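Everything on this sheet refers to the single structure shown next.
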Protein chains: 2
Amino acid sequence: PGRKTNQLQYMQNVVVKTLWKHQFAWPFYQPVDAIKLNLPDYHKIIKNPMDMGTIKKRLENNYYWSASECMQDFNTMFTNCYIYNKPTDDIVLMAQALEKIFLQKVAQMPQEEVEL
Amino acid sequence: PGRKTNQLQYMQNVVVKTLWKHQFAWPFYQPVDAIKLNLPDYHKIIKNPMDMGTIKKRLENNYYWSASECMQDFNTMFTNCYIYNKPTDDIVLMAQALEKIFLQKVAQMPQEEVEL
């Protein structure tokens, strides 16, 4: 049961918008294709895949009841990357840089969630 | 095997140093590994592989006799990428940007090659 809230509008028009523009965001635009990319254990490890394109479409179609759910999807996206990849891989550093911006934006979000 | 020349020193400390720091250079730091990257037709199509890491190592180990060899290795690297990939692939647009900077620095290289 979705919902439109001040916070979900902020997730869509500030958080996703800002991250999409970042030069490190492109590995996260689409779901990880483990066969195309030769990642044969990916779905054995990552059972809850998530990507920013999915998050964007979920916001655009009022999938979420609360911005907390959208923040959880972002956390799943980042942590899936942290788990699957090795602690020193470039993609982990890219994810960490995007998560830093994500947390900076979340900190400026309206702290009270109200339906529109 | 090789020697020091003013043009090779320029290739190392101007051309390669600049290109190595460029935002688009990272796909060219290492030989294309057609096994790890799942490129089963790469060596069918590309018979003379080259990459910037190999070029940089060759300069550091005084492998080259003349800068003409180093410039041709860059040409082979870039040309291979255009032969293998689609003109719409992002890697080809990255190669284009890098090749323009390469030719810019080449134009300002010392025009007469002397041994150092």
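For neighbour counting, all protein chains shown are included, and Cβ atoms are generated from backbone atoms with ideal geometry for every residue, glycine included. No lab work stands behind these numbers, since they all come straight from the coordinates.
Peptides B:52-61, B:102-111, ordered by how many other C-beta atoms sit within 10 Å of their residues on average, highest first, read B:52-61, B:102-111.
Partners of A:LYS21 within straight-line reach, counting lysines whose Cα lies under 29 Å from its Cα and excluding those fewer than 8 residues away in the same chain: A:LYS4, A:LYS36, A:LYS47, A:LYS56, A:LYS57, A:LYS86, A:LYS100, A:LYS105, B:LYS17, B:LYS21, B:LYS86, B:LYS100. Among A:24-36, A:7-19, B:74-86, the peptide with the highest mean count of other Cβ atoms within 10 Å heads the list, and the full ranking is A:7-19, B:74-86, A:24-36. Ranked from shortest, the separations from the 7 Å Cα-to-Cβ label point of B:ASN85 to its equivalents in the other copies are 1.8 nm.
Sorted shortest first, the distances from the B:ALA107 label point to those of the same residue in the other copies are 4.5 nm; each point sits 7 Å from Cα along Cα-to-Cβ. For the pair the stretch B:32-71 / the stretch A:64-116, the C-alpha centres are spaced 38 Å from each other.
The other copies place their A:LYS21 label points at 2.6 nm from this one, listed shortest first, where each point is 7 Å from Cα along Cα→Cβ.
Axis-proximal residue of chain B for the rotation onto chain A, reported as residue and distance in whole Å: B:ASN38, 2, based on Cβ position. Magnitude of the charge dipole for the stretch A:6-108, about its Cα centre and with charges confined to Cβ atoms of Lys, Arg (+1) and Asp, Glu (-1), is about 160 debye.
Ordering A:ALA34, A:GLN9, A:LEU98 by the projection of their Cα atoms onto the charge dipole of the stretch A:6-108, which places +1 on the Cβ of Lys and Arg and -1 on the Cβ of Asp and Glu, puts A:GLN9 at the extreme positive end.
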